[PDB]
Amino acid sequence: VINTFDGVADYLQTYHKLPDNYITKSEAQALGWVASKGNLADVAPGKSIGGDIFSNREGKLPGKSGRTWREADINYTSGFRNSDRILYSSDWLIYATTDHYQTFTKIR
């Protein structure tokens, strides 16, 4: 299972997609995931939330004509989610946040 900032960043740069242990919130919800229940691991064993579009609403990440972003959960195993997320762009810039999108740091 690959779920670390560097592990996922390396995987994204190499395969241009997230590791197989990731599923979108839409998929997770359809499988029975209810955030307030902290049951993601119950309905989707070994999975972490990831792949959804990140809109960079506060404009903290560098913008560029045509560039879009996606996000994925980092360091998740089971139970309720944490505040760690990896952010990756369409042209493969990779950033990390450990404070629920408050601040970001380039890691690739």
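Start at 1 with the first residue shown and count on from there.
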task = State which stretch shows the higher mean Cα B factor in the entry: 49-57 or 28-36.
result = 28-36
ask   = According to the deposited model, is the average Cα temperature factor higher in 72-80 or in 37-45?
value = 37-45
task = Sorting the chain's modelled residues by C-alpha B-factor, tell me whether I107 ends up in the lowest, middle or highest third.
result = highest
ask   = Comparing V1 with the other modelled residues of its chain, is its CA B-factor in the lowest, middle or highest third?
value = highest
